[PDB]
Amino acid sequence: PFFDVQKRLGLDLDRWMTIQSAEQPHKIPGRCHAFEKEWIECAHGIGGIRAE
Amino acid sequence: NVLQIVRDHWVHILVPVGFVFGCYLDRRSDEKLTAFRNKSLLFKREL
Amino acid sequence: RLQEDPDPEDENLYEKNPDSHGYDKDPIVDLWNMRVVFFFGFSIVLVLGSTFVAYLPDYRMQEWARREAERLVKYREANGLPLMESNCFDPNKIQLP
Amino acid sequence: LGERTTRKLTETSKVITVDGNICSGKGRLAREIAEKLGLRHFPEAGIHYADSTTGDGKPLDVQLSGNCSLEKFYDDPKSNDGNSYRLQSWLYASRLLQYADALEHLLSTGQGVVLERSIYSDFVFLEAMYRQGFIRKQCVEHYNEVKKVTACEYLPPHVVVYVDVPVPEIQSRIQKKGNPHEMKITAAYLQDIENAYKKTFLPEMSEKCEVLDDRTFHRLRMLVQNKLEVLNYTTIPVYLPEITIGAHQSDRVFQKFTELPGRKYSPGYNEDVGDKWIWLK
Amino acid sequence: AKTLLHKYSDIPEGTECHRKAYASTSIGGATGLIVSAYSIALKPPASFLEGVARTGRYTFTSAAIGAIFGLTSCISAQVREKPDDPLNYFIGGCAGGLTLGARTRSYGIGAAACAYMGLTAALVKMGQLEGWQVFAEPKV
Amino acid sequence: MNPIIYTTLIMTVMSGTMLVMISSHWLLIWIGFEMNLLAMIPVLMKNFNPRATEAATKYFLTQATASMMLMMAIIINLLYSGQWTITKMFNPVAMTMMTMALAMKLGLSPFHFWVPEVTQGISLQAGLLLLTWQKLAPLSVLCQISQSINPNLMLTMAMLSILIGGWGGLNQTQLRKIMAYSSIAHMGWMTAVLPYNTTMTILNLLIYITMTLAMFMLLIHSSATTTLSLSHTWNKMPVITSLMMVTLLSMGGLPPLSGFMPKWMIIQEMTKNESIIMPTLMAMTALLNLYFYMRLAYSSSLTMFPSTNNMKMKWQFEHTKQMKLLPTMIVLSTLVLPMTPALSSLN
Amino acid sequence: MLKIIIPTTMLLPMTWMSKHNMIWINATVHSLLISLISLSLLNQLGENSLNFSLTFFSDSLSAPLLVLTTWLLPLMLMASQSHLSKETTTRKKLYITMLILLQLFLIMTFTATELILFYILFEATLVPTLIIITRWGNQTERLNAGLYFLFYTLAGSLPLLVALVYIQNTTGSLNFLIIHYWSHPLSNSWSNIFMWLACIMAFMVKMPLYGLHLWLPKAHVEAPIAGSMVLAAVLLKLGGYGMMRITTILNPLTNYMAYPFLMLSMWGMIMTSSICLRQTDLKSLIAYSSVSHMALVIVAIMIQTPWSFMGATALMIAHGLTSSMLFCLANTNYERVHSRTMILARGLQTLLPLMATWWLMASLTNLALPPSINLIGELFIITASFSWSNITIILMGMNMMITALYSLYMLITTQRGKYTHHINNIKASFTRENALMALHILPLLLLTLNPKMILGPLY
Amino acid sequence: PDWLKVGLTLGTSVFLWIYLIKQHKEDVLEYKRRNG
Amino acid sequence: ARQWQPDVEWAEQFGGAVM
Amino acid sequence: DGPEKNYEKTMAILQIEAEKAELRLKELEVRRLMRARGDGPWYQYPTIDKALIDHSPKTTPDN
Amino acid sequence: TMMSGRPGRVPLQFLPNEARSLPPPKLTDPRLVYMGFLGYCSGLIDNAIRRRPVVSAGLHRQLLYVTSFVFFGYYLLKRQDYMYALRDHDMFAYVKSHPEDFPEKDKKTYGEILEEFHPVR
């Protein structure tokens, strides 16, 4: 049961640690930030299945 | 004194009420199905 | 295993009293029991129920079927053909490969 | 579980169970003990000792309350019916409950309280009955497994006085004593009692009494309440022929137990005995 | 591996009985090593030579069962030349139990093994004919 | 151990599972299990027995190695996709191990051997809690990784859990070990349908928890353990044995009863997928599961094993410390059958 | 109907709230009344199957059965209410609840309509009868018996269950009316064959088949009579009802799959009847007679000719009443002398007459002689069977031989002949006994006057 | 014992009623508005 | 016909650690 | 009563249950497709959103 | 998982404002009253387990139980109807979304079609 209370309450307490980009201290780039960024921008309403 | 004797026959009232409630429910579930009354066959114009 | 001796016997109701009509130990209730059991076991279901079922209206539609069958017998006989169709449906109403 | 609001009592005292070991002298021991202690004296807590606390507070028939009857022990010891044992163990369960009736009170009011004979003393009657052969050995094995399983968790003992009387002298008072059954009692048995009793009971228990944590006490206090728990292992299934009962007699007798005015229902609710109907609204 | 069953799967039909029988022998050997493996794992043989005796037992038995099953099946295919109906495996199925019956030296276990192993095999063939999914994909 | 600490442990277990049910990041899930463990062991050690100690040794040893394999498979997932979000896994060699680790965490066979033993080592309180609350978290993550599961691997453990959950159930006397094989058998039914449709899983989960709450509250109410010990209870407080009968039948899934609702939705779902054979074998074996519920019913309510005499005094003394939640746990776990459709509330 | 079904529920509160020594009268009287209300259902229609709610309907096939099922409760009460007496009030009051709860499941499971509802009730019946067999049966074996009664049902029923779900996925609704209309043939292959057995085996277990009947005698040996009357007179018959239901699908495959079961049945009838000719004890003798008649029903269903379904219906009901009658009529002896074994009863006729008369009537209709509905029920299915295969008569005839013999046998061995000397126990026939069996046998004889209301839908 | 808890829990029960009929009642109105 | 309720020899069979 | 009530009732029944039947079959179609493609609203699995991504210059000129 | 993860909507709220528009279940919906008796019987067993004089005693608490389960049963029914109405909606919208894959098949009559006949023998 993936309760997503952190989302409904907006706490974001976990979400930050996720993903290669997503704001990192002193804005240090990930080694593979770009392909990742493109690839995630590709990923939204398509959702999971068609996305693969 | 006699009221206790009425207590002896308290239960007997129960089931016929069940039959009443039964005819009632028949009439209601039947009521829900009045989808037609305009059948391809058995329907003369109402009077 | 210590245990109570044994059932003394089945106990005759008759042992208690002549006339008991089986049923309960209490002499008073038994008479009522056989009375209600008979009055309904026979005098309401085996008669009124039986007469009832005996006079049920023909929702079999049997008599109707007989009368109407006569109604077809007449036209089939007077017109003279052919009583019994060999076909339960019209040939021209159906396509065939 | 309410202890969180108070973190248990800091009070302490002691209950006293005199260990007078005789026939008529048993009574004598009780009299000295009752006068000796402020706490209510143990009344013996025999066959109807449970009935005393049950609710009616009153003894029932022997048939279901214990189904043992001591007089039927003395009149025919070594009865083919294992009454010679059936009494023993039944008394042990009752005396255990005795502990629970009073030790809890020790943990409550904190007052001292006077027991009459107590569980550690029940070792010996069986210790002799086995020697006179009144009971078969398996009866004993059952008795010491249930002993070990039940007694071990009760931890503190003692704060109690051992005593002695001569066997022959007790035989003398026994003669003086009115009850016929007591007079019949054999001597060699009683001598075997006193011999083993002094040989072991005091020999072990005094070592513990000579020494006479709060969180453990609270846990123990929980055990004192809800007495079936203290009784929980006393009905262990081992199926010795003398103790065990076939289903018919038990179903019947318990069918008879419900017949009593105060037993159909939990005590506060019962309508047969004049408990208030207002609660039933 | 699935590639091995895939190897056995390309029978074709029942042609070249040996080619098939070798594969069935292979499968029987595999299952024999697995059963031997858990058996050794859960029934500590004591004295390891006895353990290899055990595994030799099971391995050889299951390998034998697979061999005889395979070749009787294909032979029946190449003799009756029906050759596609499920009963074509069933004899081998019935045969297989007897093999198992031989090593156990018991008429009973051999008799039961004949019947049930036979029915199982028959269901297998029937399944190849009908595309029964056993582990169907989520699809839904 | 005083209640004020005991309650903090049990609450941090609740937290240690809630955390799994909340966090999306994997690391917080492995933290969820990890915190769950440390807080699970001590509660098994209350009262403390020479037996209980090695019970906890079993439990810890298996849970620790399970958590290890899990973290390894997470790290491998990250190596081949650089992610932490749950989602799909991207490397089958890793995925099968996450399935294994969780397979230990549920106690599914052939990883199952610890569960019947551990249950033996602890009191029915800690037992019940172990068989219900511990079954949440790993399922709580399996529902999230249902999307990519390798169904073959899942159905094989899902079946074998039912056979082993059967055959090992016919054999035992003392009830706790039997409750262990009951649960180890139901988990087969939960984890079976999981690849196909998670909502049926969660339904079955709710029924299972309600059921085992019914039983363990009853065993607590009678303090029975070994089967014979249960046998005496018919004379003292006849009702509760006369109620163990029913709850047992609801374990058995005789169709008017609630426990039939799981199986009969499951059979539906899998049947949409074709896969027609698997539920037939599964449903046939569930019978075998039923049979020892029945034999256990024979020891208890339907027939009266001989009473011991000493019982009589115990008749005077009413049971105490009533457990409020119980009656509802019986009733929901039985009568609720004409309320299946409400399952769609679970969407 | 939803009207008959409510009061049947309503007796339960009435039972529990009844005064402790009056309950039998309550349950008896109202069960009789509700029987009479059940009787009004019988009307049916000559064309369309009668309908009610969305969730019930009343085919002519169900109605006589429904009337019967409602009719049996008082009977079981009259039999039971002296068999038990020393039992505690709460326990007795608990006991009749099993019976009435049971018939409630029957009234529900006959009117159906969804075959999944019909199934879940079909299997729901299993519990109360289990409880009754196990707690109130005499002697030890009953425990074991419980199990045989149980798994043989489930092992049959469970695949049927999955099969049902399957169909409502491969087609639209599972409902009976539309599936009667939307029906389309399934044919050979291999998947379809397993579909066939999956949709037959449970029904062919619940009415015993010769290869599978083993649980049934061992149920009847054990169960207290109230369990016996239901377990014999009804549940078998309902398994038959369902199997007559599901045959709306299948075809043409039935033409190809009937044969093995027609062999187990055509041979099992003569066989079981033959075993029936040499029992040690009566209570079993009756049971095997029951299987020996059910085989006729099951071939009557499988040859699927309309005559065969007419005969199916008639024989189901007639055998119902006659079998229950023989059971109570045997329990009477078992109570009077506790012998169970038939040999000890000996010259029972000498010591009392009227029971001998009931033995006569009951056995007499067991062998089936004209114009008992039993007979006429049987002759049709012999007719259709004979149409199906001219040889088949040679089998049916042997049945009609042996069913004579053992039937008369149970009469002449436990009656005619010398009294045993020392058996003083017998005590001259209670009113309830005569009342009871008169209640079995009178309806059975009136019923012959008006078959046309019992022959069922294919009339 | 007339006692407090009785009227306590009873009062809570009546409260769950009146709240329920409340929210139902308004819910119907909102239904009429959003629909007809 | 006093019913039948299980005997000692009966109950003992369950009394082992494992049936 | 006359057959008429029976007849109308039977009519309405057959209509309703038929409608449910066809709807169930259609639903299975919709479901197989929707899971096959993900194009439908209600089988799509959660996937990462943009909102986490930042858009700022980063030490090294590139990325 | 279906339905879960559907675009729009928010996680933990028990019941969308998007509902509300659906009619509420009526007060005496039989399912609901069944929740009533469910609570009733639970309230009764509550007595029987704890000895008690069953039925007449604690009629108070018994009323508490029945009100409890009928109360929760209400909202649970609302979410029920909301959910089913929801899947029906999504289904129809999807069948408009892909008309091609849900063909409007032509309906030949029985006269138009041949079908094999199997005589009963």
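Residue numbering begins at 1 within each chain, and the chains themselves are lettered A, B, C, D, E, F, G, H, I, J and K in the order written.
As a convention for this text, contacts are C-beta pairs under 8 Å (C-beta built on N, C-alpha and C of every residue); 3 or more make two chains touch, one makes a residue touch a chain.
Heads up on the chains, UniProt names are B = NADH dehydrogenase [ubiquinone] 1 beta subcomplex subunit 1; E = NADH dehydrogenase [ubiquinone] 1 alpha subcomplex subunit 11; F = NADH-ubiquinone oxidoreductase chain 2; G = NADH-ubiquinone oxidoreductase chain 4.
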| item | value |
| --- | --- |
| Graph separation of subunit G and subunit I (steps between touching chains) | 1 |
| Touching subunit A and also subunit F, the following chains | J, K |
| Farthest chain relative to subunit I (centres taken as mean CA coordinates) | A |
| Separation of subunit C from subunit D, taking each centre as the mean of its C-alpha atoms, in whole Å | 69 |
| Distance from the mean Cα position of subunit H to that of subunit B, given in whole angstrom | 31 |
| Intercentroid distance (Cα basis), subunit J paired with subunit B, Å | 41 |
| Subunit G-subunit J separation of Cα centroids, rounded to whole Å | 47 |
| Where subunit J touches two or more other chains at once, by residue number | 3, 7, 9, 13, 16, 28, 31, 35, 39, 43-48 |
| In subunit F, residues with contacts to at least two other chains | 85, 87-88, 143, 147, 228, 231, 272, 276, 303-306, 318-319 |
| Where subunit K touches two or more other chains at once, by residue number | 1-3, 5, 7, 50-51, 60, 87 |
| Contact set on subunit G toward subunit J in their complex | 45, 47-48, 50-52, 54, 168-169, 171-173, 175, 177-178, 181-182 |
| Residues of subunit G that touch subunit E when the two form their complex | 189-191 |
| Touching residues (chain side subunit J, partner subunit G) in the complex | 3, 6-7, 9-10, 13-14, 16-18, 20-22, 24-25, 28 |
| Residues on subunit G engaged by subunit B in the complex (per definition of touch) | 1-7, 9-11, 13-14, 17-19, 22, 26, 30, 33-34, 37, 52-54 |
| Touch list for subunit E against partner subunit F, complex | 132-140 |
